[PDB]
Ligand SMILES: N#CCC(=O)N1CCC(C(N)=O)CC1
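Shown here is one chain on its own, the form solved without this ligand, set out as structure tokens.
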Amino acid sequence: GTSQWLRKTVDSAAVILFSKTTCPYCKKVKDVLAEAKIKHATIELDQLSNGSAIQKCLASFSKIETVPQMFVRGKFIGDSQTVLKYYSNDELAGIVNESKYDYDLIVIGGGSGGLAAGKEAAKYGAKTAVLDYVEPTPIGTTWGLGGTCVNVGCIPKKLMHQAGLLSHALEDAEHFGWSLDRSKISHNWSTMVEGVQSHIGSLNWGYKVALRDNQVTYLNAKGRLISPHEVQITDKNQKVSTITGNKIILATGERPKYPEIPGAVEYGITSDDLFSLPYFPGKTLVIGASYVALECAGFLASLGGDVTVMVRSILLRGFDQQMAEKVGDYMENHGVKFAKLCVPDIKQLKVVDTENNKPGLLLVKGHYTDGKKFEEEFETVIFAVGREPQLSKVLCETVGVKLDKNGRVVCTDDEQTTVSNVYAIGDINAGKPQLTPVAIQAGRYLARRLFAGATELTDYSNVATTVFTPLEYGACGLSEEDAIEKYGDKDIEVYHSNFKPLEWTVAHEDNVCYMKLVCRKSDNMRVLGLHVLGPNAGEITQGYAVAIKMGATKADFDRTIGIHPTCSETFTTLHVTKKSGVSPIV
């Protein structure tokens, strides 16, 4: 147990010092390593309840039982006297840079997970390379370092959501006494895009600075794993070469899908293109009903667009469907049109005018599930019909990395693949929630297990979410229907209430915001799931995710006192049950 941990830690750490906080000989080795600019992990044995056993087991590797003990890539280097000997003879730099491989770690993919893992590994002296390449979209769109969230995801989508929210802030301002006239104010798409892209550019640059300052090698090149320790890279001049690494992290993410219909790739766009589009989309059709589809349709309408969403079956498949219907009803009452139970079968009427900065014009044909026809003209058609990896481009099938039937990597609970030195994190890890903070935690925690002797695993359960539709939807845990399927309706109690933000009173709806707690009767009214539709829903939801992680019950919500006046305090006084039939209105 202790011995098995120590073997794994010694074998995979790049540079590690076993030490105690009270030893001046350990302090004297630290100071020499710092002055030589030698980064390393350190384990302070006097701070571990198991340290006496670890100190005994170290002798299996070094034939000594004292501290300090310095290891480099699985090899005992020496005690105090020996390390200073190498230092005085200027032999130390060559000893700690000695490796069978070019890098201790090669990360394939420079996005949320991969950048987090690479920076964290370099902290402990792992010689690290991060590879990133952005294959252009069909119309040619490309972007800089940072991945999907930074460039074409969470960051620009929430900034355009805020632009949409400010439309209603402007309307509200009149009722609170300000002299503006909202009906005479308009929005300039190109001005907003320039500001969004200026922020994204500061993030691209920030990541490059961060890697340089952590001594991480950044290669803007496409990587391919051709054997367990060999990565073939192709650069911007099509030069092809091979680099080797001890540990490999796959972190290449996904890209948008297109439907297999005529004209889709030629004349439509995806979210990859939307966030840098030089012209306002105009009259827009969004095909799909995921959170990407609804978030984009929502802010486009708030910015003055004529928007339609084509829904094949249901909204927000996989989310609580009572909540999904309330989200969509709010959008439909506030300027979004819906074509329900409908799919597309795209013809070009006008080519995009790039010189005068105008969209083209398209004719869309489709059909409803009963057979009736759809036919209408749009200036822009956005596909939001799912995302997928293309690991055949990343991974030679002779390496032996197992994939599932959706093409994602099958991993153990420590992110290890079926090849012992190769790991996968982020969206390509089969079965895991596909979110940026999950990818960051996985990569950071993994780097610490590989190179600093850590043991902590990432916990993927009850991860909270927020959908940034015009009225936001936050959730943590099970949907009501999933809880009833798992435990049975007789064991499920649901407490719920409508509410009205105080900010909405002077601004003139009473009963559109809504919240509920889904609870298990036979486990002390355990909170299985929390759901809220209203302003600032992500700020509301986040703190409750800690309580749910700790096993909160309805009694825990009851005994906690509210903060007044807030939206969130309504969770502290819920009392109306669905079984009672009593109305939830205010």
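Numbering starts at 1 and follows the sequence shown.
The form solved in complex with this ligand exists for this protein as well; it is not shown, and the discussion that follows is about that form.
For the candidate set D181, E91, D489, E260, a heavy atom within 4.5 Å of this ligand in the entry with it bound is found for exactly one residue, namely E260. The single contact residue among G206, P228, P138, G74, judged by any heavy atom lying within 4.5 Å of this ligand in the entry with it bound, is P138. Although the partner is absent here, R255 is a contact residue: one of its heavy atoms lies within 4.5 angstroms of this ligand in the entry with it bound. Within 4.5 Å of some heavy atom of this ligand in the entry with it bound lies at least one heavy atom of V265.
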